[PDB]
Amino acid sequence: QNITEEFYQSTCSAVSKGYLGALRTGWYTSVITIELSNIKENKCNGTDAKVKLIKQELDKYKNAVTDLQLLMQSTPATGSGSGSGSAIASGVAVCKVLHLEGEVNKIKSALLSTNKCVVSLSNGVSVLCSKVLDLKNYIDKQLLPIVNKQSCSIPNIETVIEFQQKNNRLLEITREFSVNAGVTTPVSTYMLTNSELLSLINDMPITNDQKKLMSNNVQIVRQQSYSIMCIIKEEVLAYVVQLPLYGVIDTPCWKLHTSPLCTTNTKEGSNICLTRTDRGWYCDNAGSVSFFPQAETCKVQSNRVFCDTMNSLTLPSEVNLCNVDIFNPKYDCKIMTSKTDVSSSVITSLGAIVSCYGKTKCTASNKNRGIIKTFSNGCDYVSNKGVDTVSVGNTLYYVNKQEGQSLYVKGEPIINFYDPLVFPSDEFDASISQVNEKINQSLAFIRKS
Amino acid sequence: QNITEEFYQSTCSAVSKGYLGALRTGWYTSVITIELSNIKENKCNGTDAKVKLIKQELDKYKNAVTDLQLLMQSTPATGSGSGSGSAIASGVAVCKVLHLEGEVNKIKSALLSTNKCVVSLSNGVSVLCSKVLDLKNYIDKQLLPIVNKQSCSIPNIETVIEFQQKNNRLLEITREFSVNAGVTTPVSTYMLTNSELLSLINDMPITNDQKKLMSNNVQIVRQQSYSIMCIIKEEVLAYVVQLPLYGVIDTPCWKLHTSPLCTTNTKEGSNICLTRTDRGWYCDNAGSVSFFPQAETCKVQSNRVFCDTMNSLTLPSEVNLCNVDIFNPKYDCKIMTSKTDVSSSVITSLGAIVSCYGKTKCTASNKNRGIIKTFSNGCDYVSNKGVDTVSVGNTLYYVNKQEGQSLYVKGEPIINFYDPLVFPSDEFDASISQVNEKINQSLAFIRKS
Amino acid sequence: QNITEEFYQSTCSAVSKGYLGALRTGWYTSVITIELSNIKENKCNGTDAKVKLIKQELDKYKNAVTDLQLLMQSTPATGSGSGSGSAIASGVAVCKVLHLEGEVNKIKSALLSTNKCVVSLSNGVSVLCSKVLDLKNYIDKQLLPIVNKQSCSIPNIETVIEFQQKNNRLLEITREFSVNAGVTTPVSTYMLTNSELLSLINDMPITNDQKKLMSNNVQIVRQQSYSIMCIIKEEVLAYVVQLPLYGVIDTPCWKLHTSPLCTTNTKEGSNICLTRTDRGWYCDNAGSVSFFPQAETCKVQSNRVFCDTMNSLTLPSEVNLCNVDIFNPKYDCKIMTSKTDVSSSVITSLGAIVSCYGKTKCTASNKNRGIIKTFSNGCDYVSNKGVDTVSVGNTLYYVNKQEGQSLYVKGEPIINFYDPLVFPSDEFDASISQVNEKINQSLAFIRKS
Ligand SMILES: *[C@@H]1O[C@H](CO)[C@@H](O)[C@H](O)[C@H]1NC(C)=O
Ligand SMILES: *[C@@H]1O[C@H](CO)[C@@H](O)[C@H](O)[C@H]1NC(C)=O
Ligand SMILES: *[C@@H]1O[C@H](CO)[C@@H](O)[C@H](O)[C@H]1NC(C)=O
């Protein structure tokens, strides 16, 4: 609906609210096929320029078939990997089934009359299937009567051009698989055109709002999808496309922005600093909160966010209390500490946080008026209403011009509650209570002494 | 001019000097256009092979137009992002203006007679514009007289081939935008050929030395540029190219190399280590120093460095004192500590730093003579004069064969000034004074006790 | 042979054994050539459609030549770089030799009669050379008799099509070099087709098992290779391909998986945690152990691993004792500590580690039976026998279905040996003995007190 934002002066952080998230929980697996011609070289003494062109294109066809066959003798073990495991295990499992005898023929028979099909494999999985290119028919009908005789017939020039056009897609598909070891992401238009992807979506056994969501964000769907080279067997080239399944829809999401909060004493080396940890995207999910620490996990389109759950953490919903009261006793809010008071800015959804320290020149400007605000040392914020850019030292930042409402939540910088002499100043992954217990230990060594 | 280098034995670091930096401060925004034909299908009963080829290519043209139109219904909200904000906000702001009524026609009128133009938008921005492909004229003149009648005329075979060539660039442009959600970087030769880029540079209202700088480093310019898909309206396909504006030129730059400095006691677990932080590129800029911590921010061509200011920090010029005296009282030099005395090497501009610990075999070699130096435990350095490679354990490193002069600055390893029993040995982001104050606190707990 | 795996309950880690490693120690350098035609424009008044097509393709040829020439005036100084130095120094050194007078002609003469050659340069390096495209002969024989007269001859339509096909590869090669500043990796099929790569391998002066290894893993060879644009001189386009040389073969390798080990007290903020550091691939190498911390350094195909030594560390073989006894006195096993008891899983080679803390729902499932195991708080493990997935909170993980045998090594979680009140709970890069000495210091402040 409406994007809103809150800046917390006390902790030098901001939350952008109002987003609606779709979270990828599963995969749709589809088998894409190219029908091939099983032909060997039938060289006949031909020297005319058009037979030579047809022969040269037929060699590129053949080398594409054999290159794919060589690629397959080394199964997709270099596909993907992580502690998160295989993103392609769903597709890989369909490939395994496809190497079973009679399975390829089962797709042959469904595609004997139509372009799209549904096939129930012998493992219980009912996959959609699609033939996107028919080379077997083209080659068997227009080119074998040319080359498979004693002396070659002469094709017309339009057959030469037409065959280069049709074969082109096989060769590009083969080029993409060859440099990516048989797994590509995003899925190119060569693997699946927009028209084929949209038809695939439209033909799936899913609700209408799931069809409409994926159809209106096809480029995000492409970027979250995989194409896995499966098998070349019995005149069939088959590869599996994994499209994202969003098992969480329209869930409330927010983004946390953080920036270093330091004291502003004039003598360098006398200053302590703190920064809230775990910036990034948060989404309500199934009674908990899903947190996405890696910036690439979530794609944003205006009001809507699309996130992959594979590299997310599941947190209690009380994690949000760190944005109402960082000292709350229900969740141990996390911070890191340092004495590195370097100046910086963070562009948020509706404004900009500025951490200005030392001698840095920090300002906010408008295109037509120039400088309209000069920041003082400390952590501060400006909204995108009437501000176009922010400058911190020698770096210029553009503020997002998205519509929405910002709220400045005044409050004492919490760094001012700490005594600089007993402050644990080099904590890389700490927490409010962890810092307070280290301070309790440092007052105790002086209490008895 | 002359690249020179200094190795500081006392802190296991080196500085390479003599570079001349250009720092990207802004953007040139240019509107690139393709003139389209607004035609719907005019199917006529044609079965001849040449009409079929023309129809098939015209469908690929149409699907490219509609794919771009679908891509645009989801505005560039997944373009780029960071705490640094939008790198494309300048281009995005031009796109917004372009969606305003009459603006497209204003580019139409400037390009009514010539290929390049200058257009002042209704927001005060005077952009250069360029038409790189004219499909409207080609289609309206050579192909509508073919297909837009009752029965189709037959084109000659050269028209089939010529149209495939002209349409190819539209389709590739469309392919690139489709997998990148409407924003690409580097800018491909499909978006802008070298000839069009060089002409664009040459035609800009900028000084001659700025023209010559960008023209002599076009591949660096390409890699620092963006192409943003704007609009398809009124037979015009328009996208905006952002080229880097170097607002700092020929500024002195240097690169800091660092390596772990450890004691060399024979019993493992008894050794302490220190490493200088903030390796990377430094450039004088506007009375301060711009520091680039991320390795990809700066491209180097021989003597010259090209850096983006977006992910840089602005430091006081006294930061350089950490290379003359790391204990100086004007700047709090930063270090990290540990007990991980693993061996490694760092290839610098003119040589190699070697940190050799434990039982590691560390040597430097020449191609023709083999091993010419054997390192002992500690941190040491060799220049590229007469050395081709360095080996540390099982890893071989090639030294850069660039011309220049190295200087070995002798000095006591500062790790030897510290008492291993009160040394803070696991500081991730500390500083000379921060370590000294932690040591003062650790001598105080024993002073009274 | 057989992949096996051991899970160490005491330290929440697992080792996957049985892999056979090939480690890249060096480079094969090969010179790839394209023979060019040194022709300037010989415009003659021609307006026929076929001369126009030939002229237009000849301009694309010419602009490709000049674009490559402009790219070369800026030598490969933006190729690659790191503290590890140039991965391409071997190739770059061949380019330098190639700019020497008479060297190009020396490759001309070897390729005067055959397609492949061996040439000894004046620096003692005997490189294999290959001509992959002959444009000089095609242009001088089929196209100069067309355009280089007073009025242009008319080519047949097959010459137009044939020349577009032959020139295409020059233009794509030029496109790839243009956006990558003259250095590409992986090496595309445009740079080197599978047939040319396999022939290059087969023709090298290396043993038969090295030929067979690289020929059976060509896509891994491609991904570990470089293509470096060298020179355009005297009708020769030359670029150098660097293929990996595996100087270590069939060496035993293993992979270390780690996960956080925390106490499981019910009150949040009262829990301490530890995690073993230095997860990743380890390989026996030359009496030491090569360790690869970066996930992309090693490619895995079933039973076999292929690693680059450039970003590896060399460790004593006693590093493996951290997998038999983490308290052993021969090697100081490394750990990091924290109070962040967030739940997670790690998919291993043959199973899954699960660290379940707080209120997280953690389970393992089978496709046909659903949930078959529910984890309790702590660190635990399940093998891939009869398990398909694992769920931790809202994230689902797929287990690898590779064949092999897992072993569960029971043992007391070592985190239970530590007193939570004197535990150093925020150590980013520590070690068993380092933690024990910090605890000794914390018992001493209370011993006297
Ligand atoms: C430190 O001691 C005070 C005094 O009892 C107590 O209120 C506070 O909660 C303690 N903090 C920690 C982290 O133990
Ligand atoms: C530690 O104490 C000595 C003695 O007064 C002083 O010279 C030094 O500057 C102190 N260091 C810090 C970091 O406070
Ligand atoms: C701590 O002290 C005990 C008692 O002497 C000793 O056994 C142990 O090795 C010490 N640990 C360290 C790391 O010094």
# chains A, B, ... in the order shown; residues from 1 in each chain; ligands from 1
call {"tool": "residues_near_ligand", "arguments": {"ligand": "ligand 2", "cutoff": "12 Å", "atoms": "only C-alpha atoms and all ligand atoms", "output": "ChimeraX atom specification"}}
result
/A:268-270,421 /B:327-329,332,430-444,447
call {"tool": "write_last_selection", "arguments": {"atoms": "N, CA, C and O atoms", "output": "short mmCIF file (atom, residue, chain, number, x, y, z; two decimals), in the first residue's frame"}}
result
data_model
loop_
_atom_site.label_atom_id
_atom_site.label_comp_id
_atom_site.auth_asym_id
_atom_site.auth_seq_id
_atom_site.Cartn_x
_atom_site.Cartn_y
_atom_site.Cartn_z
N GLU A 268 40.69 12.90 18.69
CA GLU A 268 40.59 11.59 18.05
C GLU A 268 41.20 10.50 18.91
O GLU A 268 42.25 10.68 19.54
N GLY A 269 40.55 9.33 18.91
CA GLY A 269 40.91 8.23 19.78
C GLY A 269 40.19 8.22 21.10
O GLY A 269 40.36 7.26 21.87
N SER A 270 39.40 9.24 21.40
CA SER A 270 38.62 9.31 22.63
C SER A 270 37.15 8.95 22.41
O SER A 270 36.34 9.12 23.32
N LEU A 421 35.31 4.78 29.35
CA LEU A 421 36.48 4.12 29.90
C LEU A 421 36.26 2.65 30.22
O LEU A 421 37.24 1.90 30.28
N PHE B 327 53.07 4.97 14.75
CA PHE B 327 52.82 5.42 16.12
C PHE B 327 52.58 6.93 16.21
O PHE B 327 52.43 7.46 17.32
N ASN B 328 52.50 7.63 15.07
CA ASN B 328 52.33 9.08 15.04
C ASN B 328 51.09 9.50 15.82
O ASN B 328 50.11 8.75 15.92
N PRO B 329 51.10 10.70 16.41
CA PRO B 329 49.95 11.14 17.21
C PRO B 329 48.92 11.96 16.45
O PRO B 329 47.95 12.42 17.06
N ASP B 332 45.16 7.89 14.12
CA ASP B 332 45.12 6.66 14.91
C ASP B 332 45.15 5.47 13.95
O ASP B 332 44.11 5.00 13.48
N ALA B 430 41.01 -2.86 15.36
CA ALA B 430 41.51 -2.04 16.43
C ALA B 430 42.42 -0.95 15.86
O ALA B 430 42.36 -0.63 14.66
N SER B 431 43.25 -0.40 16.72
CA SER B 431 44.06 0.76 16.40
C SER B 431 45.19 0.82 17.41
O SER B 431 45.04 0.39 18.55
N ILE B 432 46.30 1.40 16.97
CA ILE B 432 47.50 1.49 17.79
C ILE B 432 47.17 1.96 19.21
O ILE B 432 47.54 1.32 20.20
N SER B 433 46.43 3.07 19.32
CA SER B 433 46.12 3.63 20.63
C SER B 433 45.12 2.76 21.39
O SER B 433 45.23 2.59 22.60
N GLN B 434 44.15 2.21 20.67
CA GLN B 434 43.22 1.25 21.26
C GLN B 434 43.93 0.02 21.84
O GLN B 434 43.51 -0.49 22.88
N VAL B 435 44.94 -0.50 21.14
CA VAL B 435 45.71 -1.61 21.69
C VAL B 435 46.52 -1.15 22.90
O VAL B 435 46.57 -1.83 23.92
N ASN B 436 47.16 0.01 22.79
CA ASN B 436 47.93 0.54 23.91
C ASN B 436 47.05 0.82 25.13
O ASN B 436 47.53 0.68 26.27
N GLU B 437 45.78 1.21 24.94
CA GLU B 437 44.94 1.45 26.12
C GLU B 437 44.47 0.14 26.74
O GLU B 437 44.32 0.06 27.96
N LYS B 438 44.25 -0.90 25.92
CA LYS B 438 43.92 -2.22 26.44
C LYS B 438 45.10 -2.84 27.18
O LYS B 438 44.91 -3.57 28.16
N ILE B 439 46.32 -2.55 26.73
CA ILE B 439 47.52 -2.98 27.43
C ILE B 439 47.70 -2.20 28.72
O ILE B 439 48.10 -2.76 29.74
N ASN B 440 47.40 -0.89 28.69
CA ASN B 440 47.43 -0.10 29.92
C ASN B 440 46.46 -0.64 30.96
O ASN B 440 46.77 -0.68 32.15
N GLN B 441 45.27 -1.08 30.51
CA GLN B 441 44.31 -1.70 31.41
C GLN B 441 44.80 -3.05 31.92
O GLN B 441 44.46 -3.44 33.05
N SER B 442 45.57 -3.78 31.12
CA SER B 442 46.06 -5.08 31.55
C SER B 442 47.30 -4.97 32.43
O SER B 442 47.53 -5.85 33.27
N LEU B 443 48.09 -3.91 32.28
CA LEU B 443 49.16 -3.66 33.25
C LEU B 443 48.60 -3.12 34.55
O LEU B 443 49.23 -3.30 35.61
N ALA B 444 47.45 -2.44 34.51
CA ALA B 444 46.89 -1.86 35.72
C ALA B 444 46.31 -2.94 36.64
O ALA B 444 46.44 -2.85 37.87
N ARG B 447 49.38 -4.06 38.10
CA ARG B 447 50.10 -3.02 38.84
C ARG B 447 49.67 -2.99 40.30
O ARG B 447 50.50 -3.11 41.21
#
call {"tool": "interface_residues", "arguments": {"of": "chain B", "to": "chain A", "cutoff": "6 Å", "atoms": "only C-alpha atoms", "output": "list in words"}}
result
residues 77, 78, 83, 84, 85, 181, 309, 310 and 314 of chain B
call {"tool": "write_last_selection", "arguments": {"atoms": "C-alpha atoms", "output": "PDB file, in the first residue's frame"}}
result
ATOM      1  CA  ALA B  77      12.821  -0.643  -9.366  1.00  0.00           C
ATOM      2  CA  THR B  78      15.122  -3.733  -9.573  1.00  0.00           C
ATOM      3  CA  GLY B  83      23.295   1.992   1.116  1.00  0.00           C
ATOM      4  CA  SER B  84      25.097   4.142  -1.487  1.00  0.00           C
ATOM      5  CA  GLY B  85      21.737   4.547  -3.256  1.00  0.00           C
ATOM      6  CA  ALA B 181      15.441  -6.241 -15.748  1.00  0.00           C
ATOM      7  CA  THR B 309      33.599   7.639  -5.748  1.00  0.00           C
ATOM      8  CA  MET B 310      30.290   5.912  -4.834  1.00  0.00           C
ATOM      9  CA  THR B 314      36.788  10.400   2.744  1.00  0.00           C
TER      10      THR B 314
END
call {"tool": "select_by_dssp", "arguments": {"residues": "segment 22-223 of chain B", "states": "strand (DSSP E or B)", "output": "PyMOL selection string"}}
result
chain B and resi 22-35+85+116-120+126-134+183-184
call {"tool": "residues_around", "arguments": {"residues": "segment 282-284 of chain A", "least_positions_apart": "4", "cutoff": "7 Å", "atoms": "only C-alpha atoms", "output": "number ranges by chain"}}
result
A: 21, 251-255, 288-292
call {"tool": "write_last_selection", "arguments": {"atoms": "N, CA and C atoms", "output": "PDB file, in the first residue's frame"}}
result
ATOM      1  N   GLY A  21       5.425  -8.970   0.514  1.00  0.00           N
ATOM      2  CA  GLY A  21       6.419  -9.939   0.087  1.00  0.00           C
ATOM      3  C   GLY A  21       5.824 -11.207  -0.506  1.00  0.00           C
ATOM      4  N   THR A 251       2.783 -11.078   2.162  1.00  0.00           N
ATOM      5  CA  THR A 251       3.051 -10.986   3.587  1.00  0.00           C
ATOM      6  C   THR A 251       3.712  -9.642   3.904  1.00  0.00           C
ATOM      7  N   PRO A 252       3.442  -9.052   5.073  1.00  0.00           N
ATOM      8  CA  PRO A 252       4.071  -7.764   5.414  1.00  0.00           C
ATOM      9  C   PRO A 252       5.589  -7.901   5.550  1.00  0.00           C
ATOM     10  N   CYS A 253       6.321  -7.019   4.882  1.00  0.00           N
ATOM     11  CA  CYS A 253       7.784  -7.015   4.928  1.00  0.00           C
ATOM     12  C   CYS A 253       8.294  -5.613   5.255  1.00  0.00           C
ATOM     13  N   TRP A 254       9.481  -5.546   5.855  1.00  0.00           N
ATOM     14  CA  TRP A 254      10.114  -4.266   6.140  1.00  0.00           C
ATOM     15  C   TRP A 254      11.622  -4.410   5.982  1.00  0.00           C
ATOM     16  N   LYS A 255      12.296  -3.279   5.779  1.00  0.00           N
ATOM     17  CA  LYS A 255      13.738  -3.268   5.577  1.00  0.00           C
ATOM     18  C   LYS A 255      14.386  -2.433   6.666  1.00  0.00           C
ATOM     19  N   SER A 288       6.527 -16.659  12.605  1.00  0.00           N
ATOM     20  CA  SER A 288       7.867 -16.161  12.882  1.00  0.00           C
ATOM     21  C   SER A 288       8.183 -15.001  11.922  1.00  0.00           C
ATOM     22  N   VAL A 289       9.457 -14.607  11.879  1.00  0.00           N
ATOM     23  CA  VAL A 289       9.949 -13.593  10.949  1.00  0.00           C
ATOM     24  C   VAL A 289      11.086 -14.209  10.140  1.00  0.00           C
ATOM     25  N   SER A 290      10.978 -14.151   8.814  1.00  0.00           N
ATOM     26  CA  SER A 290      12.086 -14.546   7.947  1.00  0.00           C
ATOM     27  C   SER A 290      13.003 -13.346   7.719  1.00  0.00           C
ATOM     28  N   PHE A 291      14.307 -13.538   7.922  1.00  0.00           N
ATOM     29  CA  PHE A 291      15.299 -12.472   7.799  1.00  0.00           C
ATOM     30  C   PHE A 291      16.268 -12.825   6.673  1.00  0.00           C
ATOM     31  N   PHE A 292      16.529 -11.868   5.777  1.00  0.00           N
ATOM     32  CA  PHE A 292      17.376 -12.085   4.601  1.00  0.00           C
ATOM     33  C   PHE A 292      18.605 -11.202   4.709  1.00  0.00           C
TER      34      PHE A 292
END
call {"tool": "residues_around", "arguments": {"residues": "residue 271 of chain B", "least_positions_apart": "2", "cutoff": "8 Å", "atoms": "only C-alpha atoms", "output": "PyMOL selection string"}}
result
chain B and resi 262-265+267-269+273+339+341+420
call {"tool": "write_last_selection", "arguments": {"atoms": "N, CA and C atoms", "output": "tab-separated table (two decimals), in the first residue's frame"}}
result
chain	number	residue	atom	x	y	z
B	262	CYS	N	54.13	-11.31	12.42
B	262	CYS	CA	54.05	-12.16	13.61
B	262	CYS	C	55.43	-12.35	14.24
B	263	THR	N	55.46	-12.60	15.55
B	263	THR	CA	56.69	-13.09	16.16
B	263	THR	C	56.98	-14.49	15.63
B	264	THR	N	58.23	-14.93	15.79
B	264	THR	CA	58.67	-16.19	15.20
B	264	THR	C	59.21	-17.18	16.25
B	265	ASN	N	58.55	-17.29	17.40
B	265	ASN	CA	58.89	-18.33	18.36
B	265	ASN	C	58.59	-19.71	17.81
B	267	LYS	N	57.63	-22.56	19.32
B	267	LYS	CA	56.50	-23.31	19.87
B	267	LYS	C	55.19	-22.70	19.39
B	268	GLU	N	54.35	-23.50	18.73
B	268	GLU	CA	53.09	-22.99	18.20
B	268	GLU	C	52.11	-22.66	19.32
B	269	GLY	N	51.37	-21.56	19.14
B	269	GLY	CA	50.49	-21.03	20.15
B	269	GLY	C	51.13	-20.00	21.05
B	273	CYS	N	50.41	-11.81	16.52
B	273	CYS	CA	50.44	-11.23	15.19
B	273	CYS	C	49.67	-9.92	15.05
B	339	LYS	N	46.48	-14.76	16.50
B	339	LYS	CA	47.56	-15.72	16.65
B	339	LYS	C	47.59	-16.69	15.48
B	341	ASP	N	49.41	-17.42	12.54
B	341	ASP	CA	50.64	-17.20	11.80
B	341	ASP	C	50.72	-18.20	10.63
B	420	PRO	N	54.19	-10.59	24.83
B	420	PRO	CA	53.15	-11.53	24.37
B	420	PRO	C	52.10	-11.87	25.41
call {"tool": "closest_residue", "arguments": {"among": "C:365, C:406, C:224, C:323", "to": "residue 383 of chain C", "atoms": "only C-alpha atoms"}}
result
C:406
call {"tool": "residues_around", "arguments": {"residues": "residue 211 of chain C", "least_positions_apart": "3", "cutoff": "12 Å", "atoms": "only C-alpha atoms", "output": "MDAnalysis selection string"}}
result
chainID C and resid 197:208 214:218 221 244:246
call {"tool": "write_last_selection", "arguments": {"atoms": "C-alpha atoms", "output": "CSV table (one decimal), in the first residue's frame"}}
result
chain,number,residue,atom,x,y,z
C,197,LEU,CA,40.2,-27.4,-27.5
C,198,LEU,CA,40.1,-31.2,-27.7
C,199,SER,CA,42.6,-31.2,-30.6
C,200,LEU,CA,44.8,-28.7,-28.7
C,201,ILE,CA,44.8,-31.0,-25.7
C,202,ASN,CA,45.5,-34.1,-27.9
C,203,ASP,CA,48.5,-32.4,-29.6
C,204,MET,CA,50.3,-31.2,-26.4
C,205,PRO,CA,53.6,-32.7,-25.3
C,206,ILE,CA,52.1,-34.2,-22.2
C,207,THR,CA,51.4,-37.7,-20.9
C,208,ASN,CA,48.3,-39.7,-22.0
C,214,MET,CA,41.5,-32.7,-19.4
C,215,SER,CA,39.5,-34.3,-22.3
C,216,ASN,CA,37.0,-35.9,-20.0
C,217,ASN,CA,36.4,-32.6,-18.0
C,218,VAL,CA,36.5,-30.0,-20.8
C,221,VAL,CA,39.0,-27.0,-18.1
C,244,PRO,CA,45.2,-25.3,-16.5
C,245,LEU,CA,48.1,-27.6,-15.8
C,246,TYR,CA,47.4,-30.0,-13.0
call {"tool": "atom_distance", "arguments": {"atom1": "atom CA of residue 111 of chain A", "atom2": "atom CA of residue 210 of chain A"}}
result
26.2 Å
call {"tool": "residues_around", "arguments": {"residues": "residue 362 of chain B", "least_positions_apart": "4", "cutoff": "8 Å", "atoms": "only C-alpha atoms", "output": "ChimeraX atom specification"}}
result
/B:354,356,374-376,390-393
call {"tool": "write_last_selection", "arguments": {"atoms": "C-alpha atoms", "output": "mmCIF file, in the first residue's frame"}}
result
data_model
loop_
_atom_site.group_PDB
_atom_site.id
_atom_site.type_symbol
_atom_site.label_atom_id
_atom_site.label_comp_id
_atom_site.auth_asym_id
_atom_site.auth_seq_id
_atom_site.Cartn_x
_atom_site.Cartn_y
_atom_site.Cartn_z
ATOM 1 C CA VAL B 354 56.358 -12.551 1.935
ATOM 2 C CA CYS B 356 56.876 -16.796 6.195
ATOM 3 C CA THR B 374 65.182 -18.247 0.494
ATOM 4 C CA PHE B 375 63.108 -16.345 3.030
ATOM 5 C CA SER B 376 63.486 -16.870 6.734
ATOM 6 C CA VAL B 390 57.691 -16.280 -5.472
ATOM 7 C CA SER B 391 56.618 -19.556 -3.864
ATOM 8 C CA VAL B 392 55.039 -19.899 -0.436
ATOM 9 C CA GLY B 393 54.441 -23.530 0.441
#
call {"tool": "select_by_dssp", "arguments": {"residues": "segment 210-323 of chain B", "states": "alpha helix (DSSP H)", "output": "list in words"}}
result
residues 210, 211, 212, 213, 214, 215, 218, 219, 220, 221, 222 and 223 of chain B
call {"tool": "closest_residue", "arguments": {"among": "B:192, B:68, B:350, B:414", "to": "residue 275 of chain B", "atoms": "only C-alpha atoms"}}
result
B:414
call {"tool": "atom_distance", "arguments": {"atom1": "atom CA of residue 274 of chain C", "atom2": "atom CA of residue 11 of chain C"}}
result
8.5 Å
call {"tool": "residues_around", "arguments": {"residues": "segment 93-110 of chain A", "least_positions_apart": "4", "cutoff": "10 Å", "atoms": "only C-alpha atoms", "output": "PDB file with C-alpha atoms, in the first residue's frame"}}
result
ATOM      1  CA  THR A  29       9.625 -28.322 -12.652  1.00  0.00           C
ATOM      2  CA  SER A  30       8.948 -28.409 -16.407  1.00  0.00           C
ATOM      3  CA  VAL A  31      10.571 -30.494 -19.151  1.00  0.00           C
ATOM      4  CA  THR A  33      12.239 -30.595 -25.390  1.00  0.00           C
ATOM      5  CA  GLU A  35      13.076 -32.934 -31.299  1.00  0.00           C
ATOM      6  CA  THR A  75      26.353 -35.214 -14.792  1.00  0.00           C
ATOM      7  CA  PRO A  76      25.380 -31.903 -13.080  1.00  0.00           C
ATOM      8  CA  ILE A  88      18.397 -27.675  -8.293  1.00  0.00           C
ATOM      9  CA  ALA A  89      17.694 -30.933  -6.447  1.00  0.00           C
ATOM     10  CA  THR A 114       0.281 -31.282 -29.560  1.00  0.00           C
ATOM     11  CA  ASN A 115       2.994 -28.805 -28.508  1.00  0.00           C
ATOM     12  CA  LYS A 116       2.285 -28.818 -24.750  1.00  0.00           C
ATOM     13  CA  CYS A 117       1.449 -31.828 -22.616  1.00  0.00           C
ATOM     14  CA  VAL A 118       1.190 -33.238 -19.113  1.00  0.00           C
ATOM     15  CA  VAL A 119       3.055 -36.457 -18.335  1.00  0.00           C
ATOM     16  CA  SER A 120       2.935 -38.486 -15.119  1.00  0.00           C
ATOM     17  CA  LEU A 121       6.345 -40.045 -14.594  1.00  0.00           C
ATOM     18  CA  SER A 122       6.878 -43.445 -12.942  1.00  0.00           C
ATOM     19  CA  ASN A 123       7.884 -41.562  -9.755  1.00  0.00           C
ATOM     20  CA  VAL A 125       5.508 -36.418 -10.450  1.00  0.00           C
ATOM     21  CA  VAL A 127       5.324 -32.435 -15.017  1.00  0.00           C
ATOM     22  CA  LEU A 128       4.308 -30.052 -17.746  1.00  0.00           C
ATOM     23  CA  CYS A 129       6.231 -30.654 -20.959  1.00  0.00           C
ATOM     24  CA  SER A 130       6.832 -28.429 -23.978  1.00  0.00           C
ATOM     25  CA  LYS A 131       8.404 -28.929 -27.399  1.00  0.00           C
ATOM     26  CA  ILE A 228      19.195 -27.746 -16.169  1.00  0.00           C
ATOM     27  CA  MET A 229      20.430 -29.817 -19.089  1.00  0.00           C
ATOM     28  CA  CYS A 230      19.054 -33.375 -18.682  1.00  0.00           C
ATOM     29  CA  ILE A 231      19.393 -35.863 -21.534  1.00  0.00           C
ATOM     30  CA  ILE A 232      19.864 -36.495 -25.269  1.00  0.00           C
ATOM     31  CA  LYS A 233      18.211 -39.818 -26.092  1.00  0.00           C
ATOM     32  CA  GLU A 234      16.059 -41.237 -28.890  1.00  0.00           C
ATOM     33  CA  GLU A 235      15.920 -38.064 -31.020  1.00  0.00           C
ATOM     34  CA  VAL A 236      14.854 -35.992 -27.992  1.00  0.00           C
ATOM     35  CA  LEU A 237      16.800 -33.140 -26.435  1.00  0.00           C
ATOM     36  CA  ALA A 238      15.316 -32.533 -22.951  1.00  0.00           C
ATOM     37  CA  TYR A 239      16.206 -29.944 -20.310  1.00  0.00           C
ATOM     38  CA  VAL A 240      14.346 -29.020 -17.129  1.00  0.00           C
TER      39      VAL A 240
ATOM     40  CA  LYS C 401      21.401 -38.095  -2.919  1.00  0.00           C
TER      41      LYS C 401
END
